[PDB]
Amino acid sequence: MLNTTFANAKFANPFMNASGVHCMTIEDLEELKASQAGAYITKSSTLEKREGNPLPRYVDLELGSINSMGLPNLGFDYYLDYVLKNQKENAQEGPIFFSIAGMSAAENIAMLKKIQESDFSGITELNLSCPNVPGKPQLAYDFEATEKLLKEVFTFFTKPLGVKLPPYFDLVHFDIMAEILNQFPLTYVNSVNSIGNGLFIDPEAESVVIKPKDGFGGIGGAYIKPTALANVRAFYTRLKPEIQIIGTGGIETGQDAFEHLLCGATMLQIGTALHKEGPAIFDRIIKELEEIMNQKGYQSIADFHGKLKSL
């Protein structure tokens, strides 16, 4: 029922983890391989291993989560070697995804060059939206710098590339970004990264709940679904059909999944809910989506993909 075609590859279902969640180590990644997730993605990496921010840096909230992780990761070479060894095994339906989040333009170009030069045959996600690193202002909110970076990347990177974007809140912003992105042979857009720089407060202790950045953190979960869906939808009606969409934000039930697919997402990523529940989420949410499809008499995602009705 959930069979999906994306970036010219076949996946059993559209569900994945969101980058940063359950994908730090090889052991995390193999747990995702073993789960019912249709695909999976690595933790965003930098050239060097990073410890990340001081703890506490992630807190579960009734309506989602807050975090300032600071891009803790085991480094580019570790993920690159894991994905190379795993594509030789031919042990999964569909390629692995590989996230990079360089602390500078030059660092992104350097990682993209190592990926190009390698035998890596899966998909790359360039994170232009990391909101938890104190001194890098979300690059995808800087339309000039975003265009300049992408022009350089496409003079050499021929492999499948998507960009993870932060949320936009203004229709003109969607128009500007779509005109930038539509000029490139991009494989996809992934909307959205966390709602940036929110605050959660413990009113008894009169205090913030994370240590870094005076408690300011990326917000995820049910808080953000309205923004997430809007971002997926707004890009769906503006992007050239060659650029497909991964929908991320607020997905916990099959009904949430259903709503993202109705907006025009082809793959779906689960952050906060996967953090809380672990990889058994995939089996649950697949079954919820299938039941919604069965009640409606739908046998494939194409029956409703992108078919959100206006009034």
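Don't overthink the numbering: it's just position in the shown sequence, from 1.
Average Cα temperature factor in the PDB entry - higher stretch of 103 to 111, 223 to 231: Per the PDB record, 103 to 111.
Please work out which of 131 to 139 and 69 to 77 has the higher mean CA B-factor as recorded in the PDB entry. Per the PDB record, 131 to 139.
Just grab whichever of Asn182, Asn197, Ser191, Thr124 has the top CA B-factor as deposited. Max CA B-factor in the entry, restricted to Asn182, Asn197, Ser191, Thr124: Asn182.
For the listed residues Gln295, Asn17, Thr25, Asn13, which one has the largest C-alpha B-factor as given in the deposited model? Highest CA B-factor of the listed options: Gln295.
Where does the C-alpha B-factor of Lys240 rank in its chain, lowest, middle or highest third? Top third by C-alpha B-factor.
Thinking about Cα B factors across the chain, which third does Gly218 belong to? Bottom third by C-alpha B-factor.
Taking the entry's C-alpha B-factors for this chain, is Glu48 in the lowest, middle or highest third? CA B-factor rank for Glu48: highest third.
Compare the C-alpha B factor of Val21 with those of the other modelled residues in its chain, then answer lowest, middle or highest third. Its C-alpha B-factor belongs to the lowest third of this chain's values.
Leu308 CA temperature factor, ranked by third within the chain: Tercile = lowest for this residue's CA B-factor.
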